[PDB]
Amino acid sequence: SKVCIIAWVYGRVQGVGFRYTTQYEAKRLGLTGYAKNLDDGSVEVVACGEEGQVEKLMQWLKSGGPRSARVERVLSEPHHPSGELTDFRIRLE
Numbered sequence: 002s003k004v005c006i007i008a009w010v011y012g013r014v015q016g017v018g019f020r021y022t023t024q025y026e027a028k029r030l031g032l033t034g035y036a037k038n039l040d041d042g043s044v045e046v047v048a049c050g051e052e053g054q055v056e057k058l059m060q061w062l063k064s065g066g067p068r069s070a071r072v073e074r075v076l077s078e079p080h081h082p083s084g085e086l087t088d089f090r091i092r093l094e
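According to the authors' numbering, the sequence shown is numbered sequentially starting from 2.
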């Protein structure tokens with residue numbers, strides 16, 4: 002079913018078309034959400050849709066996004082988006 006993630010992408014990610022290309026790939030994957038630049042030199046991505054289509058976006062982001070960019074680190078939440086579909090559970094760290 003429909004999962005959501007939020008990812009923050011650090012590196013050379015602003016002013017190299019990162020937002021515009023995420024839009025393009027997010028559409029092709031039939032995903033909903035948005036992308037936004039932040040004051041700290043990073044880009045936030047919010048994406049919802051089917052869990053396999055979302056994971057294809059997490060892979061594209063992590064594999065570096067567009068070719069004009071140099072992604073150094075990606076922090077997504079949650080790390081296992083499948084935990085969002087389970088009737089309300091408790092979990093250990």
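We put the beta carbon where it would ideally sit given N, CA and C, even for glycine.
Assuming residue i and residue j are in contact, meaning their beta carbons sit under 8 angstroms apart, how far apart are those beta carbons, in whole angstroms?
i	j	result
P82	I6	6 angstroms
Can you tell me whether DSSP reads residue i as helix, strand or coil?
i	result
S64	coil
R71	strand
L76	strand
What is the residue span of the beta strand (DSSP E) that residue i lies within?
i	result
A36	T33 to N38
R13	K3 to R13
Measuring CB to CB, does residue i end up less than 9 angstroms from residue j?
i	j	result
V46	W9	yes
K3	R20	no
What are the boundary residues of the alpha helix (DSSP H) that includes residue i?
i	result
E51	That residue, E51, is in no alpha helix (DSSP H); its beta strand (DSSP E) goes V44 to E51.
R20	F19 to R29
Three or more C-beta pairs under 8 angstroms: does that hold for the stretch 24 to 36 against the stretch 71 to 78?
no
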